[PDB]
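Residue numbers (the authors' numbering), protein chains in the order written: chain G, 27 to 66, 79 to 93; chain W, 193 to 241, 260 to 291; chain U, 292 to 440; chain H, 737 to 824, 842 to 1033; chain A, 935 to 1132; chain F, 935 to 984; chain X, 540 to 617, 638 to 672, 688 to 736.
By construction, the Cβ of each residue, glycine as well, lies at the ideal position given by its N, Cα and C atoms.
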Amino acid sequence: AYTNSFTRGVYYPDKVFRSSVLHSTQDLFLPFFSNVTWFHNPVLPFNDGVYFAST
Amino acid sequence: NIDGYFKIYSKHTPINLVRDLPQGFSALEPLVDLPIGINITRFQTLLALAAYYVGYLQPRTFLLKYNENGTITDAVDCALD
Amino acid sequence: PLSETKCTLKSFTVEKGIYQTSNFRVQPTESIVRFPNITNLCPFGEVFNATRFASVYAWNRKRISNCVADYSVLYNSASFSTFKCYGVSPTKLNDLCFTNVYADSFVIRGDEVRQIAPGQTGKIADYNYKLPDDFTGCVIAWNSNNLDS
Amino acid sequence: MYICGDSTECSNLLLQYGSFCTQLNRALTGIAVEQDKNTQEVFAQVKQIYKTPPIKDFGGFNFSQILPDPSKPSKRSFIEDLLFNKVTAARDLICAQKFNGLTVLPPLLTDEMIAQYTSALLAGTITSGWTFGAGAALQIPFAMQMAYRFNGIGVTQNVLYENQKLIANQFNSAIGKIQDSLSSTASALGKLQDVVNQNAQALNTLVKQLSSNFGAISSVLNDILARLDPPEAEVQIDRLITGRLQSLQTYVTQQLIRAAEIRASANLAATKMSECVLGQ
Amino acid sequence: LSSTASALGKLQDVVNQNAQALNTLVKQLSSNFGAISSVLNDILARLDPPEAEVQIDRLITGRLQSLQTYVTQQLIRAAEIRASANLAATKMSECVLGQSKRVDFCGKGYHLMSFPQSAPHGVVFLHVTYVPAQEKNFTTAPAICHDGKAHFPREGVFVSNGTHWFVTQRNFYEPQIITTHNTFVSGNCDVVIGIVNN
Amino acid sequence: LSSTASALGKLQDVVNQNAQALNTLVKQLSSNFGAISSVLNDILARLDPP
Amino acid sequence: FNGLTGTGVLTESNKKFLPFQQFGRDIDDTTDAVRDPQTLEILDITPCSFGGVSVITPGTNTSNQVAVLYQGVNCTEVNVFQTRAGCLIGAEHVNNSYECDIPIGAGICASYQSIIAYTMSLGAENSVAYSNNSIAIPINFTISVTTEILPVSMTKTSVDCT
Ligand SMILES: *[C@@H]1O[C@H](CO)[C@@H](O[C@@H]2O[C@H](CO)[C@@H](O)[C@H](O)[C@H]2NC(C)=O)[C@H](O)[C@H]1NC(C)=O
Ligand SMILES: *[C@@H]1O[C@H](CO)[C@@H](O[C@@H]2O[C@H](CO)[C@@H](O)[C@H](O)[C@H]2NC(C)=O)[C@H](O)[C@H]1NC(C)=O
Ligand SMILES: *[C@@H]1O[C@H](CO)[C@@H](O[C@@H]2O[C@H](CO)[C@@H](O)[C@H](O)[C@H]2NC(C)=O)[C@H](O)[C@H]1NC(C)=O
Ligand SMILES: *[C@@H]1O[C@H](CO)[C@@H](O[C@@H]2O[C@H](CO)[C@@H](O)[C@H](O)[C@H]2NC(C)=O)[C@H](O)[C@H]1NC(C)=O
Ligand SMILES: *[C@@H]1O[C@H](CO)[C@@H](O[C@@H]2O[C@H](CO)[C@@H](O)[C@H](O)[C@H]2NC(C)=O)[C@H](O)[C@H]1NC(C)=O
Ligand SMILES: *[C@@H]1O[C@H](CO)[C@@H](O[C@@H]2O[C@H](CO)[C@@H](O)[C@H](O)[C@H]2NC(C)=O)[C@H](O)[C@H]1NC(C)=O
Ligand SMILES: *[C@@H]1O[C@H](CO)[C@@H](O[C@@H]2O[C@H](CO)[C@@H](O)[C@H](O)[C@H]2NC(C)=O)[C@H](O)[C@H]1NC(C)=O
Ligand SMILES: *[C@@H]1O[C@H](CO)[C@@H](O[C@@H]2O[C@H](CO)[C@@H](O)[C@H](O)[C@H]2NC(C)=O)[C@H](O)[C@H]1NC(C)=O
Ligand SMILES: *[C@@H]1O[C@H](CO)[C@@H](O[C@@H]2O[C@H](CO)[C@@H](O)[C@H](O)[C@H]2NC(C)=O)[C@H](O)[C@H]1NC(C)=O
Ligand SMILES: *[C@@H]1O[C@H](CO)[C@@H](O)[C@H](O)[C@H]1NC(C)=O
Ligand SMILES: *[C@@H]1O[C@H](CO)[C@@H](O)[C@H](O)[C@H]1NC(C)=O
Ligand SMILES: *[C@@H]1O[C@H](CO)[C@@H](O)[C@H](O)[C@H]1NC(C)=O
Ligand SMILES: *[C@@H]1O[C@H](CO)[C@@H](O)[C@H](O)[C@H]1NC(C)=O
């Protein structure tokens, strides 16, 4: 099964405290409205990072 | 895994839906940073004595907004539309 | 202040008006220095005391962290041949604090030690161990003729 | 302070470039000086300070929506209050400075003086017609002045005296409509926001160009001075002066170019105030 | 003009600005700009081409930058002077060759005429103006009712010295008796506010 | 208007000034500027990065 | 602080850090708060006061005394008179209002008669006796002559390159 990941996978990029500011960053993120694959002991690829959700 | 460093982030929140990922926004606070230096190409989960979604990250430019207390409230994906 | 005004206008007569001469900044004193809370000795000595080295096609690497690194003790040694230290400077190395240190060790003939530097070509620099274009910490080559001769 | 942040060696090295700093300071000072003459030529056209009498027998017109109100913060009127609220503050005390070397000076004329000038002009216009521009004020009833003003466009003066109430009601309704339009829509004041936006954006562009390598090894002077020996650090101190100098020169040139048009607009406003409020 | 000075500040300011800019330009020729000497003759007579060319390059780029800055400032100043000259030509055309009806353009008051005079780098206008004085205030009325008819003045204003009514011009005080040759009738007077019996 | 030449001068000077400015801008691309060669591809293809 | 070098006054900061940051900041890389590596506490940093000076003088010809205006600085750490454009030293305060020659700023200006500073007077005040049944007509007139100067040109200068 496949599912839409609306706005999941946003983390803190750096160890710097900021407040009341809009910051433009460039890094490895999960694209918005991406296509996540439901699973159910299979070996999986690790391209450049893995977002691993759970329920 | 970036240039010899292995980083793990995490989060834990309750949800009301029972079908899929809910609609909302919440940032992830880092837990573990390791200076290992070996590379990884494949991985495999482990069981105890269910389901799990797997997505892949890609290089992209985001625009984050910080609130008064320093917590991210929303973000914009530049390369969408 | 009138003398300063005359200096600014470069004349002995000043007319009515308001002039801008200089500016003032509060002078700071009593400098303070804060550093981390560890005092362990660092194993830098073991790297140079290494009885065996490796070959250039497979060079030995060590990662150094959580140290109180002293370079004056190694700098003052007069047993080294070449110590051209790029990047920042030798004498100020004691006033800087880093995050990680990479130590790379091998052994090479005497005619190629001039070739361990960025921005140049050859055989060994291009096909055995290539330094990046930004910089290196710095390279230290010292004479050891009895060990492998 | 902008080029060589609180350092000594950089200041010494900058002396070799001649005198590429009196020009920038002098140009900025000239702009700042003319920015006060611009305001002085417009409003400061009245000699005395007139004030409206307690008598409010104007024939039917009510000017209460534009005359000053004593129970106000700056003794302003309703329209001025709306205009102030519809334009997007460091005026509480002395808090204007910056670590980079940029400061904002306060204007010579505070807003209370501008309000007093406008009130004096309005009171003189209402109570003395156009006679207060040439010599001294000559009081004249408002209805007679309006009958004089119709005679200046062709219509005879018996039209006003027989249709006074209709004209008064139309004027009051028009004033109310202007009040409602100003209160509801806030996009009318589009000309006064462009200048503020341009100035703020240019200053932001100037500030944002300090964290640039320009070819050196770092964007901060202290770390270069605290890591390299000083018979070689002077090579990397250069390539940083030559960029921060060009940025400042570009900013100064753009400021001059966009101050010329403000001077032209100030001249136009002065002319309009001269031959459209005082006379007909 | 003979006694009080500093009456020609604009021309003096223009000359001062021009001279100061030129002096600043000529003063930049003595800067090192990072080379070994500030004069080409010594550099050329003391070294060989391989690095003499570097020194010459440094000096050339510095001097070229200074020249460009000077030219830009001169362009801005010339534009401002052109605007001022256009204003002066307009003022001449309207005020010397005719009479100006636009207020405060030429002088403070009612304009009569003007005279031009030369200047070292400009022009001086002398404006002749008419200014009233010795005011006196009377009682007025908008119209006069005679036999049920409302009379208004053709040009002028109704005034009274206390017992009698006269018509006088606006800018000067000369009284005339009210006849039918200077007033015109418009209907009856029951809606006009301020009518007086006479 | 249809007989005497050089009557619409000002527009002609404006057009000529714009054309001359654009031409002298596009003409500066061939200058050496103190480098080995004015062509960038060849100078990259003939020397090492340093 | 661990290689971070700077100058300023250290104050007990109030902003709350998450347990994993090391130092805070704001727009355009201005370090605003730092945790010390020994006591773990948080301190905010701001530079101490600085700014320009100006000299107000009546001219060498008239007098040989001046006043000094420190721009944009609280005169508690520099008769001292506190203005809104800085603070003034060497000029006394008068509560009368005149027309002034040397402007300072924020409605405050100083002059010479010494070296007093006050608020500029807008102009003479009068009230016109308005009424709905009276007018005022002049009886006499005067002829006045006024002068005005306008520049039209400047010097023609040429500079060569070679
Ligand atoms: C930012 O932080 C402040 C303080 O930590 C939050 O204010 C608290 O809000 C909670 C819930 O409304 C109250 O129980 C506390 O009493 C508040 N504390 C104070 C000091 O006011 C605030 O909610 C946070 N978020 C925002 C958007 O300000
Ligand atoms: C190996 O380690 C030892 C001890 O850490 C080093 O011996 C020191 O050498 C210096 C330089 O001659 C002397 O000043 C010290 O007194 C010595 N200390 C001791 C305890 O012997 C030795 O130099 C190291 N060898 C190498 C090749 O690095
Ligand atoms: C002029 O006319 C306006 C329009 O009505 C008056 O404004 C209102 O006046 C009444 C009468 O006192 C008040 O009850 C209202 O509160 C006024 N409106 C507002 C929004 O305040 C105004 O008072 C008149 N002025 C004079 C001097 O008669
Ligand atoms: C001239 O136009 C005005 C308005 O444009 C007319 O005045 C209006 O007349 C209507 C009908 O009597 C009234 O309901 C309105 O209240 C009037 N307006 C005002 C402001 O009072 C006027 O009647 C027109 N003239 C003629 C001769 O018809
Ligand atoms: C208002 O003006 C009229 C006309 O000038 C004055 O009437 C004259 O007053 C003088 C005063 O000596 C008499 O000699 C004349 O005979 C009057 N003229 C007529 C036609 O009777 C009148 O006195 C003036 N009123 C005031 C208060 O000065
Ligand atoms: C001007 O004269 C007319 C006519 O003499 C006056 O109108 C009369 O006034 C009286 C008193 O109020 C009334 O009884 C009459 O009915 C009115 N009409 C007529 C035809 O006599 C008028 O009042 C006078 N105006 C002034 C200001 O005195
Ligand atoms: C000069 O410094 C003093 C000391 O801080 C200032 O006094 C405080 O100023 C702040 C705002 O700058 C106010 O919020 C406080 O209420 C003030 N406290 C006291 C006890 O005065 C003072 O305002 C500064 N400026 C001047 C002109 O004195
Ligand atoms: C004009 O009439 C008034 C009536 O008194 C006078 O002018 C005013 O005089 C009062 C003093 O009672 C002043 O308060 C006003 O400011 C005056 N109004 C002005 C100057 O506009 C005066 O008597 C009359 N004018 C002449 C020239 O006699
Ligand atoms: C000003 O206008 C009023 C009327 O608009 C004139 O007379 C008024 O008359 C009534 C009686 O009908 C009185 O109650 C008022 O007191 C009068 N007005 C004033 C202001 O007192 C008045 O004559 C006109 N002229 C002057 C100088 O007031
Ligand atoms: C996800 O992928 C599946 C199979 O490739 C496809 O059927 C589905 O439409 C995709 N969903 C989105 C949102 O792209
Ligand atoms: C630093 O070390 C001292 C002495 O061991 C100790 O008292 C202090 O608590 C330490 N600071 C920390 C752990 O933050
Ligand atoms: C100097 O001042 C005196 C009196 O104030 C005056 O007469 C004289 O002209 C002044 N000198 C100059 C050069 O202005
Ligand atoms: C200013 O001086 C006058 C002199 O009489 C005095 O009455 C007044 O109180 C003073 N103002 C202040 C604010 O001290």
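- For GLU1069(A), the uninterrupted beta strand (DSSP E) run begins and ends at 1056-1075, by DSSP.
- Contact between the region 1059-1072 of chain A and the region 883-897 of chain H is present, with at least three C-beta pairs closer than 8 Å.
- Apart from the 5 residues on each side of it in sequence, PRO409(U) sits with its Cβ closer than 6 Å to the Cβ of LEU422, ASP424 in its chain, given in chain order.
- Here the C-alpha atom of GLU651(X) lies approximately 57 Å from the C-alpha atom of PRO1076(A).
- Straight across, the Cα-Cα distance linking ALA979(H) with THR330(U) is about 24 Å.
- Any heavy atom of ligand 1 within less than 6 Å of a residue's beta carbon puts that residue on the list, which reads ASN277(W), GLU278(W), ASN279(W).
- CA-CA distance, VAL960(F) to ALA953(F), rounds to 11 Å.
- Nearest CB-CB separation between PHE903(H) and chain X: not below the 9 Å threshold.
- Using a Cβ distance threshold of 9 Å, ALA1013(H) and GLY1128(A) do not count as a contacting pair.
- In this structure, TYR38(G) is the residue among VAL62(G), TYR38(G), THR29(G), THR51(G) with its C-alpha nearest to the C-alpha of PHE559(X).
- No Cβ of chain H is located within less than 9 Å of the beta carbon of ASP991(A).
- For the 9 Å CB-CB criterion, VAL1093(A) and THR1074(A) form a contact.
- Between the region 990-1003 of chain A and the region 772-786 of chain H, the count of Cβ pairs shorter than 8 Å is below three; the stretches do not touch.
- Taking every residue with its beta carbon within less than 6 Å of a heavy atom belonging to ligand 12 gives, in chain order, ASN600(X), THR601(X).
- Along the region 398-415 of chain U, the positions whose C-beta sits under 9 Å from a C-beta of chain F are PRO409, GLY410, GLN411, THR412, read in chain order.
- Around the beta-carbon of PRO597(X), 16 or more other beta-carbon atoms lie within 10 Å, marking it buried.
- Judged by DSSP secondary structure, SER926(H) falls within the alpha helix (DSSP H) whose first and last residues are 917-937.
- With a threshold of 9 Å between beta carbons, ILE282(W) makes contact with chain G.
- With respect to chain F, the C-beta atom of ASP424(U) has a partner C-beta closer than 9 Å.
- Between ligand 3 and the CB of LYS792(H), the shortest heavy atom gap is smaller than 8 Å.
- Excluding the 5 residues flanking it on each side, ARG270(W) has same chain C-beta neighbours closer than 7 Å at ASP287, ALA289, in chain order.
- When beta bridges are read from the DSSP output, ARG270(W) appears opposite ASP53(G).
- Remark: the C-beta of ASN966(H) is outside contact range of ligand 10, defined as less than 8 Å to any heavy atom.
- Taking 7 Å as the cut-off between beta carbons, none of the residues of the region 596-611 of chain X comes near chain A.
- By the C-beta criterion, the region 694-713 of chain X is judged to be in contact with the region 784-804 of chain H, since at least 3 inter-stretch pairs fall below 8 Å.
- When secondary structure is reduced to three states using DSSP, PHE895(H) falls in the helix class.
- When only Cα atoms are considered, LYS307(U) and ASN761(H) end up about 21 Å apart.
- Relative to ligand 4, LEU919(H) has its C-beta within less than 8 Å of a heavy atom.
- In this structure, the beta-carbon distance from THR382(U) to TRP433(U) does not fall below 9 Å.
- Distance between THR856(H) and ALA1023(H), taken at the CA atoms: about 29 Å.
- Residues whose Cβ lies closer than 6 Å to any heavy atom of ligand 5, listed in chain order: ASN1095(A), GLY1096(A), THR1097(A), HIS1098(A).
- Under the Cβ criterion of 9 Å, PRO1109(A) is not counted among the residues facing chain H.
- Going by C-alpha positions, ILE648(X) is about 29 Å away from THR744(H).
- In this chain, the alpha helix (DSSP H) harbouring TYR1004(A) covers 983-1029.
- According to the DSSP assignment, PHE562(X) belongs to no alpha helix (DSSP H) but to the beta strand (DSSP E) extending over 562-565.
- Annotation: the continuous beta strand (DSSP E) that includes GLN311(U) extends over 308-316.
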